[PDB]
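Participant: Give me a model of this one.
(chains A, B, C, D, E, F, G and H, ligands or ions: 24)
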Amino acid sequence: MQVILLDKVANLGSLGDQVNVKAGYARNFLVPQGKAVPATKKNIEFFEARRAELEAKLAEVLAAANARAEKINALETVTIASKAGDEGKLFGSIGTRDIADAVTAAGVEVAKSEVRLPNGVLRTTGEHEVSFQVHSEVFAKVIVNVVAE
Amino acid sequence: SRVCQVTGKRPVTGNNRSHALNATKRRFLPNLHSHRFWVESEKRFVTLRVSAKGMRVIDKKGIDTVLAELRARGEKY
RNA sequence: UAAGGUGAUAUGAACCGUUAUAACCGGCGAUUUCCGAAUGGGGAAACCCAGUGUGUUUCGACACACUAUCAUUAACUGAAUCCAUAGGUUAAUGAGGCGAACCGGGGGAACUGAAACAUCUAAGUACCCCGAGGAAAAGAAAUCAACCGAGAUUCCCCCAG
RNA sequence: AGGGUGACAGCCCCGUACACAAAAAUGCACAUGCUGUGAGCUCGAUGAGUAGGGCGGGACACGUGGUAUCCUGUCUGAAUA
RNA sequence: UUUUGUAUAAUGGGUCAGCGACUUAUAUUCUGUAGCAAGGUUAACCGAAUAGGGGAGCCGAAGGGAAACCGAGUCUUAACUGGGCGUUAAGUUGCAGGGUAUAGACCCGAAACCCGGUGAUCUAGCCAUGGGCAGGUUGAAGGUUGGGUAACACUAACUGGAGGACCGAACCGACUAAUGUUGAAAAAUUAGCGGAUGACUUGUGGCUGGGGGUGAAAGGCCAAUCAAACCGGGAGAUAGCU
RNA sequence: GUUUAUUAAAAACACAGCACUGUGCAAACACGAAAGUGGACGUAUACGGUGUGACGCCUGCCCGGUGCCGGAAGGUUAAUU
RNA sequence: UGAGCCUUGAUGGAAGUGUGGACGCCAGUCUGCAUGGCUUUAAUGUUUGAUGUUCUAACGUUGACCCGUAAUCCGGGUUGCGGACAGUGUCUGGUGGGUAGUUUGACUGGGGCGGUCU
RNA sequence: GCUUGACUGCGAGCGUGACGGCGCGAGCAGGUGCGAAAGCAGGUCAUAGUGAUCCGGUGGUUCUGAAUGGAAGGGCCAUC
Ligand SMILES: [Mg+2]
Ligand SMILES: [Mg+2]
Ligand SMILES: [Mg+2]
Ligand SMILES: [Mg+2]
Ligand SMILES: [Mg+2]
Ligand SMILES: [Mg+2]
Ligand SMILES: [Mg+2]
Ligand SMILES: [Mg+2]
Ligand SMILES: [Mg+2]
Ligand SMILES: [Mg+2]
Ligand SMILES: [Mg+2]
Ligand SMILES: [Mg+2]
Ligand SMILES: [Mg+2]
Ligand SMILES: [Mg+2]
Ligand SMILES: [Mg+2]
Ligand SMILES: [Mg+2]
Ligand SMILES: [Mg+2]
Ligand SMILES: [Mg+2]
Ligand SMILES: [Mg+2]
Ligand SMILES: [Mg+2]
Ligand SMILES: [Mg+2]
Ligand SMILES: [Mg+2]
Ligand SMILES: [Mg+2]
Ligand SMILES: [Mg+2]
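Facilitator: Residues are numbered from 1 along each chain as shown, chains lettered A, B, ... in the order given. Ligands and ions are numbered 1, 2, ... in the order given. Shown next is the structure:
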C-alpha cells in the first residue's frame, strides 16, 4: 500500500508526495475520507503530469515579462518631476501618489504607495535608481528630472 | 455460506495427517470478515462479506471495479 | 382403406353399414372434470374457503376468467434524510416439476486385502448432492522431443505388468 | 424367410423377392428470401494480487523422497520480448 | 459324514418328484495335437468382411556383468594354476486339456462394519388442552368463649377442616400360590395383594431419532427385539470353520 | 414414591435435608459446523455439576501418591526469523 | 526507552576583576558557563524495534431511538457504550477415553498361574 | 626374543542343512612376520559369545547421470 496524497496529512503529508503506508490507515481513514489514493500507476503520472505540467510549466509561465522593464531600458521622458526645495537642498516629500507625476505617461496608469525604502528618503542631487515594487521578484530603471520654475 | 463475495473463496476439504500419517477428513475455510467499505461514487456504505485477500484485491483493483463485477455477475451488494 | 361393423371377460339387446361421412388405420385439430410442480388462500392428495372483474323478458345469487413465489426488464410510486438509495403496486417475458442410462462437478464410507494392524488397500468405489446435452467433458501448446524433428482435443492397439 | 389352415404345404390363406404410394404434420439436407450477424487490408494492443515464494493439504502411476510438474486454505508477491 | 476307530447310545435324512454346487473372462506355464521353422505370429484398424490387407508389436535365434561394456564368451581379480554363469537340445502361433494369477472363482451359512432412509399409533420424558377418584375414618393450623394470669404464658369446651394422613370400590399397580406351559392367552385366569387428594390416574394432539433419543438408573424403554431400532444399499462383507 | 413391560419390587433409584464446587448475565452448562435456542422473561436467598441421603449425637489423623487450585524467578520448550 | 546515521560543543579576534560537572599518572588542568580598552564523549533532528499512555476510524454491542413496518426477525440510519481489545481464518505447542480405530503372542497332559521361547 | 598371517584376491574338493545359510579345506597369486634351515602363520585346543530384509549414515569408486556438460540421486566395494 503506497498511495499518493491530497491534503497535507500529519507524519507524511505533502499535498501530493509519494508515501508508503500501512493498508489499514488507508482503507479505513485516508481514502474513504479523501486524503489519499491508491498509487494505481495509472495515477503515478496522472499526478506526475501535474508535477511537470506545473512545477516546470506555470513556473515558466511566470517568465514572459522579463524584469517587466523590457523596452524601458533608456530612462523615461521627464514630463515634470517629483519636487525639490530648501533653496538649494531638498524639503518636500512624495505625496501618496507622487513618483508617477514624472513617469506619468509611460506604461500604465496607477496610484498606490508600495513603499520600499523605509528611510527619510535621502535629500540631495535628484536622479536616483533604487527599484520600486514592480513584482514579487524583478525590478526596473528610470530617472528623475527636477522642475525649474 | 462462508464464501468471499469478491474471490469466490469457499471452504475446501483435505486431511489432517498425524505423525503416524493418519488421514482425518477436515476443512480449510477462508479468512472471512464482512467489512463496511466506503464508495463515494454512491455516497453510501456497502458492507461486503470478504476474506482478507478479497480485501487485498479491492485495495488494488479498487471498489468501484469490484462492485462492477458482482453487478455484472448478478450478486446483490 | 373398405363389406362389414358398435375394444375385452361376454353373450344378448337396440342398432350402423355394403361405391363411400358404417367400422378400421394414419396426419391435423376440438374437448380434456378433480388431485398432483399445483401456482388465489388453506389442507389429513383427489377436499375446504376466498378477492376482483364480469354475466340473466326471474340482472336475488349462482355460474365463467383472472389473482402463487422468484429472476430480468419497463412504467408509476416512494422512507429514516431533502436529493438520492431502500422499500411498494402493476405489466411483459422466463424459470419451477417429472424421467432410464451415459456425462461434468460438490461431498465421500466401510466391510475387506496386508493371512493381526495403524502407513498402504478396498477407492475417489458405494452412496448423497448440483448441473447439463444428444452426447457430455476436453481442445488449437508458456505441449513433447533431443540438437533430427513433431504439431490441438477425443477413442483403439502397442510400448508393459 | 417365416406364420397359419382338421397330421409335415414353394403352387389354399397371410406373407416373402421385387416394384410402387401421401391430403396432411414433421427430420435432414441443400437452392433461395427475411431479420440479424459480422467479413477483408493497414496500424496497433498481447490477459498482476497473476508467475514465483513460506506454511498446511490435495492432485500427478510417484506414499516428501534428492522430487521437478498441477490445484489452492493461509500469509506474501515479479518481470513486461 | 467325521474319525486312531462308528451297528454305535456320535452327525444328516419322514418319503417321492423337480431343482441344487469346480464355472467364466484375461493373462501365464506345462502336456497333447496341428501349421510353419531360424523363424513363428500379427493387434488395433481397413475390408473386397470367417478371405485378403495391416508386421505396430510380441516370442525366438546370445550370453556375461550391478553397470559402462565386452561378446561365444563374459564376470570375478593386479592376474588367475583358476572359479561362477554361458556357448554343445528349436522355436513360435493356433486348438483341446492339466496348474497358477486377478476376479464372488466349488456351493450354502455368520456375529458384525459402513452409507442413505423409515419409525414416539407400543413405550420413556416433556408440552398444550380435556376427563376421573363410591363409601367410611382421623381431626393440624386458625377462630370463639369461658377458666387463668398484673399482663402474657397456660387451660377447657366448642368451632374449624390440615395431610405425597388412615380403611376401602371404581381407577393405577403387580407381592404370594395354584392353573395354565402343542395355553382361552407369543406373559394370562382364579384366590389372596399394594396405591387409592397425589411425586395420583387417564383421553386427544404435539415434540425428542439410532452412537441418537428418553430414562426416580434396570443397560430399562424407543411397534411381540435393544450392550446400539427397522428398511434398502455397499453385498455374493469376510468365514485358515462346519 | 420409582424400577428390570415378559424369571429380580429389594437392602436398588428417588426423596426432603447436608456439603463441595462452578457461574456477574451475551452466566456457567447444554442442543447446534452456524444462525437459532434452552438455562430464564431467571440474576448469587439464582442457576448448573458432584457426592451424601429425614432426624438425634457426631463426623478424628494423613497432601507422600493421583486429581484439582495458585505461582511475574530460573531450566526446558512450537510455529516464526 | 535498546541501537544507527545528520549535525552543532569533547579524545584522533588578548590578559585580568567572576561559575557547574571531572576516568581527573597522586595532588594537573580542564568542559563549558560572565565578561573587558572512519573512533573512546552530551542534546536535538531524525531511521529502526521494545514498553506504556491515550485516541477513533476497522471491528463488537444480547443499551436507547428513527424509518422500511401496525413486525420481539432482519436491514439502513442516529446515538450511547467498548475499541485495535475481543472475536474469527491459517499455522503452532499443550491438554484431550468425550469420541474413534486397533492391539493386548505362542507352548501348555483343558485353560489360567508358574515356567519356557535364540 | 623378535613380531602383525587377527593379511588381500582366490580355491580342487568335502561336511551339514527343506531353504536362507553354516562349517572344513590343501593348494594358487601378491605381499608379510618368525627360523640358520626343513618350515610354521588367512587369529585364540575345539565346539556358545548372536539378529535376515527394508530404511538410512560414512568413506572409497565417473559404473550410472532423463536435451547437453556438471551435480543431485542410483550402483559397486568397505563399514555403521
Ligand atoms: Mg389451489
Ligand atoms: Mg398450496
Ligand atoms: Mg486385515
Ligand atoms: Mg461442448
Ligand atoms: Mg498472451
Ligand atoms: Mg473321537
Ligand atoms: Mg465295526
Ligand atoms: Mg446314529
Ligand atoms: Mg402420546
Ligand atoms: Mg393417603
Ligand atoms: Mg386403601
Ligand atoms: Mg387378581
Ligand atoms: Mg420390545
Ligand atoms: Mg441392516
Ligand atoms: Mg465390497
Ligand atoms: Mg454370504
Ligand atoms: Mg419382570
Ligand atoms: Mg415381580
Ligand atoms: Mg443445586
Ligand atoms: Mg447412598
Ligand atoms: Mg447410609
Ligand atoms: Mg475405546
Ligand atoms: Mg477394520
Ligand atoms: Mg494357547
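Participant: need the contact list for the residue nearest to residue B:17 when sequence neighbours are not counted.
Facilitator: Residue nearest to residue B:17 in three dimensions, not counting chain neighbours: residue B:23, with 6.4 Å by C-beta to C-beta, 6 or more residues apart in numbering or on different chains. Backbone N, C-alpha and C define where each C-beta goes, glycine included. Applying C-beta atoms under 8 Å, 6 or more residues apart in numbering or on different chains to residue B:23 gives the contacts B:15-17.
Participant: From those, pick the one nearest chain A.
Facilitator: residue B:16 (33.1 Å; C-beta to the nearest C-beta).
Participant: Can you give me the buried ones in stretch B:32-46?
Facilitator: Judged by neighbour count using 16 or more other C-beta atoms under 10 Å in any protein chain shown, the buried positions of stretch B:32-46 are B:32, B:35, B:37-38.
Participant: can you name the two of those residues that are farthest apart?
Facilitator: Of all pairs drawn from these, the greatest distance, 19.8 Å, lies between B:32 and B:38 (C-beta to C-beta).
Participant: dump the residue contacts of residue A:73.
Facilitator: So residue A:73 contacts residue A:141 (C-beta under 8 Å, 6+ apart).
Participant: Could you check how far it is from residue A:106?
Facilitator: Note on residue A:73: its distance to residue A:106, by C-beta to C-beta, to the nearest Å, is 13 Å.
Participant: tally of neighbours for residue 60?
Facilitator: In the absence of a named chain, chain A is used. Neighbour count of residue A:60, defined by other C-beta atoms under 10 Å in any protein chain shown: 10.
Participant: wrong one, I was asking about chain B
Facilitator: With other C-beta under 10 Å as criterion, residue B:60 counts 12.
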